[PDB]
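A single chain comes next, written as structure tokens; it is the form deposited in one PDB entry.
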């Protein structure tokens, strides 16, 4: 009855003074915005229908028109930044926040969804949704003794919207809002639904991406053990966000990194560093590079878990981006490690793959590798074995590459290669 309407018919119905005609026209608009392969959002906006839908949001006595207008506005707010801006300019934020308290769960869910889209536009609309006071009601919707009593889709939408209120970082979310949301996020992080877990881990990864004080908030809530556990998950939708969060945390201080190590994260990296998905491997190698840049006892915990052979493996066969992250890990390890640890690195077979990566067309990997070389050589001089290492770099065919690097565009490259070719070779 309201399927395949024209925008002109929808306007005639909404401009009538008949609440039921307006309801049917709004349902027609919703169906047009929720089914058409390319919904006509721009024409709906041009017709001036957003203010009318926003007004319908406030019709407590006609819950159906509330629901239909909320759905239509949700779908308009799901488009371009300009269309979301059109929804916001109609006054929709406070109306949806008021609707969060509806006695009807489908309407409350639709309001949560609309606010999720609005906040997902970016930091400005996120902060505006927060200023209108959405966090209190949203969290009130989860103030139940057991989350399992809530409908799966309801909880999933609430979790995703909260994750969007934690998203984007220029500016980052207000600190008071983060402190107010984090407890509920931990509670969701201990829920059994995989979608809730994935979205909550993504929220944590948002909140851990930035300065060490934000990381300290998250780590003070005591979530690192659960993040490691989820790192062990069988579902990549759960392992990917968890790995992002752990890597972010290890970009912080050595003590936050130590919190990760203590939770048992390293035991998971033999799988992650051999994972069939390139992204998991790359982000695990980046996490490893931020761990090997830590203290010598943390490098020693990397060694004790048997992860140096896996780094050699990644450096030997992997996607080039993963291989570059591995080169970074090696240079950090050599820069901060003892002589015993660097000797162990050489004994594990680092030299040949490190050499083979000097045939690449990226200046930064070349610099990183040559610095790793200088460090390994410096450790060799403390033992008087620099000649052994030079012979080893010659048998793998590396001196030829360093010699060709003697004539390289970038200055640092040829300076480093000349210092090595002259000082050690």
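Positions refer to the first chain, counted from 1.
The form deposited with a partner chain bound is left out here; the points below concern that form.
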Taking 253, 283 and 289 as the candidate spot, are all three within 4.5 angstroms of its partner chain in the entry with it bound by heavy atoms? yes
Residues in which of 142 to 150, 342 to 350, 304 to 312, 210 to 218 have heavy atoms within 4.5 Å of its partner chain in the entry with it bound? 210 to 218
Check whether residue 293 has any heavy atom within 4.5 Å of a heavy atom of its partner chain in the entry with it bound, and answer yes or no. yes
Even though the partner isn't displayed, in the entry with it bound is residue 328 close enough to its partner chain, meaning a heavy atom within 4.5 Å? yes
Just to confirm, residue 184 within 4.5 Å of its partner chain in the entry with it bound by heavy atoms? no
